[PDB]
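The chain below stands alone and is given in structure tokens; this is the form deposited in one PDB entry.
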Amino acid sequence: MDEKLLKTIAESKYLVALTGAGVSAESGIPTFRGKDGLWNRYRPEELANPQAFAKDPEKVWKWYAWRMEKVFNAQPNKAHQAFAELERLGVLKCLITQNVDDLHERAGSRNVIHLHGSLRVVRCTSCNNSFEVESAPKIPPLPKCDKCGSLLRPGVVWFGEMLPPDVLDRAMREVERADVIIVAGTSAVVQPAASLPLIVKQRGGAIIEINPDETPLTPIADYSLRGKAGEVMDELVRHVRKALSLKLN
């Protein structure tokens, strides 16, 4: 939290952010990897891939319905609140997230790109049709599409599946013009999301990493803050807001 970092943020021309599961950990939602990560307790091979869904849609749906309830009942934390505020202040231009929760939105963030989909969305496996839900469905029975008599599935991106072209292209455009990118709460291993911060660096921008652990991105991060996103972002945005308020205008 040195003056150099604060200056980089407060004076940025087009700051964007990329967030991962770590930004929602302080909301009581576990992450995917690490200590008590979901992929350490559960097997992604039976829950997060098209083959697993086709093999046992009931098992996959029961798990996602559980995750949905957990997310819908959770509250945004200080990190989510801080990103929303950084956007309100006119500093953060776009928030790109790998998270399938809607905590960024519930905290007030407006320009959000969901690279991996959302637990709020459910769609048909047959016809190209989707819609959002207010609460989690009960499983069984299997959620069915009332547009062609087929199965509905969680509107999230599974391993091996292609991220929607329009979504990734938009995110790509955002990082192509960003001069600063805050990368918070992500392990930087899952592609193509992990490649986004590299674009910023290759084009001449700065990377500000926020994570209690070091990651594959750490070596090229201009700044790498070892701490929880809630604490770090709250302090960072408060200092940025203060700095901006001091400007003679």
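Shifts are known only where both forms have a C-alpha. Just count from 1 along the sequence shown to find any residue number. Only the largest set of C-alpha atoms that superpose within 1.5 Å between the two forms is called the rigid core.
The form deposited with a partner chain bound is left out here; the points below concern that form.
Undergrad: Residues in which of 218-226, 185-193, 205-213, 53-61 have heavy atoms within 4.5 Å of the partner chain in the deposited complex?
TA: Of the options, only 185-193 has residues within 4.5 Å of the partner.
Undergrad: So in the deposited complex, does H116 come within 4.5 Å of the partner chain, heavy atom to heavy atom?
TA: Yes.
Undergrad: Is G160 part of the interface with the partner chain in the deposited complex - any heavy atom within 4.5 Å?
TA: Although the partner chain is absent here, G160 would touch it in the deposited complex, with heavy atoms inside 4.5 Å.
Undergrad: Give a yes/no on whether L151 approaches the partner chain to within 4.5 Å in the deposited complex, heavy atoms considered.
TA: The answer is no: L151 has no heavy atom within 4.5 Å of the partner chain.
Undergrad: Examine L142 and determine whether its closest non-hydrogen atom to the partner chain in the deposited complex is within 4.5 angstroms.
TA: Output for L142 is no: heavy atoms all beyond 4.5 Å of the partner chain.
Undergrad: Give a yes or no on whether every one of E45, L168 and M172 sits within 4.5 angstroms of the partner chain in the deposited complex by heavy atom.
TA: Every listed residue reaches the partner chain in the deposited complex, so yes.
Undergrad: Fix the rigid core, compare C-alpha positions between the shown form and the other one, and report which of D222, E69, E46, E26 shifts by 2 Å or more.
TA: Result of the superposition: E46 is the only one at 2 Å or more.
Undergrad: Determine, after fitting the two forms on their core, whether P57 shows a C-alpha shift of 2 Å or more between the shown form and the other one.
TA: The answer is no; the displacement is under 2 Å.
Undergrad: Would the C-alpha of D213 be classed as shifted by 2 Å or more between the shown form and the other one after rigid-core alignment?
TA: It does not reach a 2 Å shift.
Undergrad: Using a rigid core alignment, state whether the CA of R203 is displaced by 2 Å or more between the shown form and the other one.
TA: For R203, whose C-alpha is compared between the shown form and the other one after core superposition, the shift is less than 2 Å.
Undergrad: Can you tell whether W63 sits closer to or farther from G34 in the deposited complex than it does here, judged by CA atoms, where the change is 3 Å or more?
TA: It is closer: the C-alpha separation of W63 and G34 falls by at least 3 Å in the deposited complex.
Undergrad: Quick one: in the deposited complex, is the Cα gap between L38 and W63 smaller or bigger than here? Answer closer or farther; it shifts by 3 Å or more.
TA: Compared with the shown chain, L38-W63 is closer in the deposited complex.
Undergrad: Spell out which consecutive segments of 3+ residues have Cα shifts of at least 2 angstroms at every position between the shown form and the other one, with the rigid core used for superposition.
TA: 34-46 is the only stretch that shifts between the shown form and the other one.
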